[PDB]
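Okay, here's what each chain looks like letter by letter:
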Amino acid sequence: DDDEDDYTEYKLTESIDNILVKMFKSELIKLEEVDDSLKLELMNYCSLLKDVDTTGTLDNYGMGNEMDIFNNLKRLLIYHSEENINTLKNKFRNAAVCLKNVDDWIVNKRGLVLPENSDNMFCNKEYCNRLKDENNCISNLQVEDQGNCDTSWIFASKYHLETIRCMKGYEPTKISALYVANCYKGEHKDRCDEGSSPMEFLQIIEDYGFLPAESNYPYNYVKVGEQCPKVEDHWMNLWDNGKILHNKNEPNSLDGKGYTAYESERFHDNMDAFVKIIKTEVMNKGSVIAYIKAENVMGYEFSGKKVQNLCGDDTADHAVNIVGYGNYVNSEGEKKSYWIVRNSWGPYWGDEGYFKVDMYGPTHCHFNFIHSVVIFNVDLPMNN
């Protein structure tokens, strides 16, 4: 029952609190200062997380021994030496910390395959952070974890349609990502190990005309690849009355049925225009889809609170969502601007699932960290 759900979670919190006490003497302990009572509590922690984790992280990759776990946790504490005690107790619940090689965590956790009124107080042309407003529809769209499949094309696509629905008055009801993963036309594909793109999301909408709610057909990564289900009579259709629009090809955008896409490289010497497009769509639709390169860039220890200064490399393998933006004056006195970005790696990653990245990036970058953005062009009627 829901009871043992909470018993196991309690034991995990207890285990995490014991470890943190032993990891400090406050100054961190050196690896040779590691006695056998830590070694047992580390191993038991990971033995817990494994029996309970639903993300497939530890189903699939080698568990570290006690010294691997110790180093994994030591590196997390270093990368977050400022975080309150509670922000750190939070990251310890990413099962990636039990991995012999934490890089394993994202090998199959990507999923982009490139083809070819008062709302204005919280989101406006200067500043946008709807998460500071605990009443906002968009803020009740909780972060999700795609598990150990390459399905980020679904999570970022469906989030974008979820915020569009929020902007039109609908409740913050989650779309079933699993329905999109398992329901498609064409040749059979390995939906767990081979990603795709928001184009296919739109195609699946056209072909099936139905999007159930998460609770009708809920997601777990091991269920990716099972047969497309019969729609049951009680299922909600979150694509009710939706239509797929189609705008004219513009000279610096890629337009198609249901989407407009913009590539940062095409705006290389006009990035203010690129920024202005994204802000407008974040304000109007609640978010955009963004293409980025995750591999060898982001991992379990990635800071979600510091404004990251990242270069792109002119490729992308992961879809995320830009959900807001802001300005900061950095330590060196310069005024700079960041995107707020939502990931589908669960809430123990980044800043409760989100991160910040400089819009323009450092000056030496030949390519922007944001490879492309994609906006859906659909119609739904306002909710009364």
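Residues numbered from 1 in each chain as written, not as in the entry; some residues may be left out. Heavy atoms only, no water. Residues with missing side-chain atoms left out of burial classes, pairs and counts.

- As summarised from the PDB record, the model derives from X-ray crystallography at a stated resolution of 2.19733954166 Å.

**Here we look at the packing of helix α2 (residues 36–52) against helix α4 (residues 66–79)**
Right, on to step 1. Taken N-terminus to C-terminus, the directions of α2 and α4 make an angle of 85 degrees; their axes are 9 Å apart at the nearest point. As the angle between them shows, α2 and α4 are arranged roughly perpendicular. Contacts between α2 and α4 involve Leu38, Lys39, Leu42, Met43 and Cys46 from the first element and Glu66, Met67, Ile69, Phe70 and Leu73 from the second. (Axes fitted to C-alpha atoms, helices over the stretch in contact; angles between N-to-C directions. Helix = DSSP H or I, 4+ residues; strand = E, 2+ residues; numbered from the N terminus. Parallel < 35°, antiparallel > 145°, perpendicular 65-115°, else oblique. Contact = heavy atoms within 4.5 Å.)

**Some thoughts on the pairing of strand β7 (residues 335–342)**
Right, on to step 1. Of all eight residues in β7, six are buried; the element is thus mostly enclosed.
Right, on to step 2. Relative to β7, strand β6 (residues 318–329) is paired through eight bridges, and the arrangement is antiparallel. When the bridges of β7 are listed, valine 329 appears paired with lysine 335.
Right, on to step 3. Examined bridge by bridge, β7 and strand β8 (residues 354–358) share five bridges and lie antiparallel to one another. By the bridge assignment for β8, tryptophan 339 is matched with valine 357. (Buried < 20%, exposed > 50% of the residue type's maximum accessible area, 1.4 Å probe, protein only. Pairing = 2+ DSSP bridges.)

**A short note on a negative patch on the surface**
Right, on to step 1. A surface patch of like charges, here negative, comprises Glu116, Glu263, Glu265 and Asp314.
Right, on to step 2. With respect to the helices, strands and loops of the structure, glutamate 265 is situated in the loop between β3 (259–263) and α11 (271–285). (Patch = residues over 30% accessible without salt bridge, like charges linked within 9 Å, V, L, I, M, F, W, Y side chains within 5 Å. Areas by Shrake-Rupley, 256 points an atom, 1.4 Å probe, with all protein chains shown as cover. Salt bridge = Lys/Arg side-chain N within 4 Å of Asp/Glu carboxyl O. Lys, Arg positive; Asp, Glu negative; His and termini not counted. Charge placed at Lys NZ, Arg CZ, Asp CG, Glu CD.)

**Observations concerning the domain arrangement of the chain**
Right, on to step 1. Each assigned domain of the chain is listed with its residue range as follows: domain 1 (2–102) and domain 2 (119–379).
Right, on to step 2. Placing a centre on the C-alpha atoms of domain 1 and another on those of domain 2 gives a separation of 30 Å.
Right, on to step 3. Each side of the interface is counted separately: domain 1 has 20 residues, and domain 2 has 14 residues.
Right, on to step 4. Approximately 1,400 Å² of surface area, both sides summed, lies buried where domain 1 meets domain 2, with 48% of it carried by carbon and sulfur atoms.
Right, on to step 5. As a salt-bridge pair, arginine 75 and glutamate 301 come within 3.4 Å of each other at their nearest N and O atoms.
Right, on to step 6. Where domain 1 meets domain 2, there are nine residue pairs in polar contact.
Right, on to step 7. Within the residue set of the side of domain 1 that touches domain 2, elements represented by two or more residues are α3 (57–60), α4 and α5 (85–91).
Right, on to step 8. Here the element with the most residues in the side of domain 1 that touches domain 2 is α4; it accounts for five residues.
Right, on to step 9. A breakdown of the residues in the side of domain 1 that touches domain 2 according to their chemical character gives six nonpolar, 10 polar and four charged. (Domains from an automatic or database assignment. Buried area = accessible area lost by both parts, 1.4 Å probe. Polar contact = N/O pair within 3.5 Å; in protein donor to acceptor, adjacent residues only side chain to side chain. Nonpolar A, V, L, I, M, F, W, Y, C, P; charged D, E, K, R; others polar.)

**Some thoughts on the pattern of salt bridges**
Right, on to step 1. Scanning the entire structure with this criterion turns up 16 salt bridges.
Right, on to step 2. Its salt-bridge partner being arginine 93, residue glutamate 9 comes within 2.8 Å of it at the nearest N-O pair.
Right, on to step 3. Look at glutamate 9 and you get partly exposed, because its relative accessible area is 33%.
Right, on to step 4. On the basis of relative accessibility, which here comes to 15%, the residue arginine 93 falls in the buried class.
Right, on to step 5. Between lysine 109 and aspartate 145 there is a salt bridge, and its shortest N-O distance comes to 2.7 Å.

**A closer look at the state of the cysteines**
Right, on to step 1. A full pass over the atoms with the stated rule returns six disulfides.
Right, on to step 2. Here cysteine 46 pairs with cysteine 98 through a disulfide, and the sulfurs are 2.1 Å apart. Measuring handedness by torsion sign, the sulfur bridge of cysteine 46 and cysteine 98 sits at about -85 degrees and is left-handed. Here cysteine 46 is found in helix α2, whereas its partner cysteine 98 is found in the loop between α5 and α6 (104–107), with 52 residues between them in sequence. Per residue, the accessibility class of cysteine 46 equals that of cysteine 98, and both read buried.
Right, on to step 3. What pairs with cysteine 311 in a disulfide is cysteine 365, and their sulfur atoms sit 2.0 Å apart. On the sign convention where negative is left-handed, the bridge of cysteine 311 and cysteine 365, at about -75 degrees about the S-S bond, is left-handed. (Disulfide = S-S within 2.5 Å.)

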